[PDB]
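See structure below.
Values in this text are rule-based calculations from the coordinates and carry no lab data. Here Cβ is always computed from backbone atoms with ideal geometry, including for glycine, and neighbour counts include all displayed protein chains.
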Amino acid sequence: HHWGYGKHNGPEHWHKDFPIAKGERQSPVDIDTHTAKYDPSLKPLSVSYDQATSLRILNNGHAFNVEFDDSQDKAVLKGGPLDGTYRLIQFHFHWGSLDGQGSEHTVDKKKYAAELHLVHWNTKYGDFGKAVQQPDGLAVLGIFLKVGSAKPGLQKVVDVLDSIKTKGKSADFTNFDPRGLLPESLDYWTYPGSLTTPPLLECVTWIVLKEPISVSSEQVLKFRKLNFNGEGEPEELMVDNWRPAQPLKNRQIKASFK
Ligand SMILES: NS(=O)(=O)c1nnc(N(Cc2cn(-c3ccccc3)nn2)Cc2cn([C@@H]3O[C@H](CO)[C@@H](O)[C@H](O)[C@H]3O)nn2)s1
Ligand SMILES: [Zn+2]
């Protein structure tokens, strides 16, 4: 499969190889804050990242992933809409060529400069590959980024990007603390959805934080210097690696707050 974010292989084309692209619970979506229903029955979110073990950062030609040791319950997400324990496996971002675009979710149609996805899988399914075949297999925690002041907790990520410029490159990335990427508030919206990249599997409980984090212009500028291409190939800047909002169809977005 040769999917991407260009005119000839971008989101509008994905349905040809991945028909589920036109499915009933596709992501991302627009979050209409005036339609989302406060669900007083949602439990508080439990983000338990103290024992998180980062390993490696990889440019996969679509984004970069920071990978974690998920062979044990080290870094987990519980509570909120979730039943059971979801293990952190990686995080990545989507971002734009310009500060007014880049997020995949939107809020009342507002696009943010970027969006952070912390990907977790349901341990009841034993491994990630099994989990993605289940309607409740994954929980992705989505965090918006807006351009303003620098995010100190992001800088170690920013500084290693020069070493993974092109597709297939990876670098050691141990001892990174993902807690430094969280906003103060854990207020969130939640809805059932999908992976936002092929194979677009409908296996995700989305948890999208209401409070964005601020990153500096210089920080996101360094995201934009990454390459989609591999080494020794013509340069294609890794920018605008976001899927646009998809039809909500028969889904309700629930809010953890009023
Ligand atoms: N925009 S977002 O909604 O959030 C995401 N969009 N894609 C994401 N991942 C990549 C992925 C993998 N698979 C998949 C399909 C069939 C069988 C198995 C996996 N679908 N999407 C999440 C993700 C997966 N992995 C892989 O998981 C495996 C278990 O560790 C192993 O092959 C590697 O470690 C790693 O490549 N990494 N990330 S998330
Ligand atoms: Zn993502």
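Structural remarks
- Partners of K151 within straight-line reach, counting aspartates and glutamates whose Cα lies under 19 Å from its Cα and excluding those fewer than 8 residues away in the same chain: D99, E115, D159, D162, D177, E184, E211, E218.
- For region 244-253, backbone phi angles converted through the Karplus equation (6.51, -1.76, 1.60; θ = phi - 60°) give residue-by-residue couplings of x, 4, 10, x, 5, 6, 8, 9, 10, 8 Hz, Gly and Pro being listed as x.
- With all pairs of separate Cα atoms included, region 51-166 yields a Kirkwood hydrodynamic radius of 15.4 Å.
- Each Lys or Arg adds one and each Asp or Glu subtracts one; over the other residues with Cβ under 15 Å from the Cβ of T33, this totals +1.
- Straight-distance candidates among the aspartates and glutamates for linking to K37, with alpha-carbon spacing under 17 Å and chain neighbours fewer than 8 residues away dropped: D108, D187.
- Taking a ≥ b ≥ c as the square roots of the eigenvalues of the Cα gyration tensor, the chain is classed as rounded, since a/c falls below 1.5.
- Neighbour cut-off at most 12 other Cβ (10 Å), DSSP loop, GluC sites (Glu not before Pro), region 179-219: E184
- Under 21 Å from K16, Cα to Cα: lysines that are on another chain or at least 8 residues apart: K7, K249
- Evaluating 6.51 cos²θ - 1.76 cosθ + 1.60 at θ = phi - 60° for every residue in region 7-15, the Karplus couplings come out as 4, 9, 9, x, x, 5, 9, 4, 5 Hz, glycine and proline recorded as x.
- Shown in residue order for region 89-102 are the 3J(HN,Hα) couplings computed by the Karplus curve 6.51 cos²θ - 1.76 cosθ + 1.60 at θ = phi - 60°: 10, 6, 10, 7, 10, 10, 8, x, 7, 9, 5, x, 8, x Hz (x for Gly and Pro).
- Residue pairs exceeding 22 angstrom between C-alpha atoms, taken from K78/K130; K22/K43; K74/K165; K78/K124; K22/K225: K22/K43; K74/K165; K22/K225.
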